[PDB]
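Below is one structure, written out as structure tokens; the observations come after it.
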Amino acid sequence: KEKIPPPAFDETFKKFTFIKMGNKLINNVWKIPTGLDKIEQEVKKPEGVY
Amino acid sequence: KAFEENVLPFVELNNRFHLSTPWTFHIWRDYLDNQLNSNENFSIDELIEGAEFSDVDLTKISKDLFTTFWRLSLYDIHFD
């Protein structure tokens with residue numbers, strides 16, 4: 001003797017997070033910059049230190 | 001021909017970066033070898049190919065005999 005309402009099926013998928021990789025250990029590796037210009041600063045002059 | 005596109009030319013490997021003079025010549029000796037035995041018009045091209053030298057002064061060392069030290073290997077000094 002009850003009135004059963006129609007069930008509401010969920011249509012929403014889940015969101016992602018800010019970590020574009022899986023772990024926080026893998027993702028900390030892929031955040032440090034690469035390129036030829038960062039090496040150029042420490043090799044500024046060998047004679048200038050000499 | 002794929003070699004010169006990846007590795008840096010030593011007119012800027014010695015000027016921009018400063019890795020020292022045995023290392024700069026070590027990458028490049030076998031590449032200047034095959035151009036000098038190619039043709040006489042190819043021979044004059046690589047001997048003028050050079051730039052500033054930070055580690056050595058060509059003011060009191062004779063650049064004719066100084067540069068052919070690093071230009072030559074042991075392929076052509078010794079023979080049996």
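The alpha carbon centroids of the range B:1-46 and the range B:61-76 are separated by 14 Å.
Taking each DSSP H run with n ≥ 4 as -39500 (n - 2.57) and averaging over every residue of chain A yields -4000 deg cm²/dmol at 222 nm. For chain B, adding -39500 (n - 2.57) for each run of n ≥ 4 DSSP H residues and dividing by the number of residues yields -14000 deg cm²/dmol at 222 nm. For the residues B:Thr24, B:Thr59, B:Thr67, a GNM of chain B with alpha-carbon springs under 10 Å puts the largest fluctuation on B:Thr59.
Each of B:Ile27, A:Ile32 was scored by other Cβ atoms within 10 Å of its Cβ. Arranged with the fewest first, they read A:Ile32, B:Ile27. Applying the criteria of a DSSP loop state and at most 13 other Cβ atoms within 10 Å to the chymotrypsin sites (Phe, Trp or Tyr not before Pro) of the range B:44-80 yields B:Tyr75, B:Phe79.
Panel order for B:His26, B:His18, B:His78, by other beta carbons found within 10 Å of each beta carbon, from fewest to most: B:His78, B:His26, B:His18.
A quick note on method: Cβ atoms are made from the backbone with ideal geometry, for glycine too, and the neighbour counts reach across all protein chains shown. Rule-based calculations on the coordinates, nothing more; no lab input.
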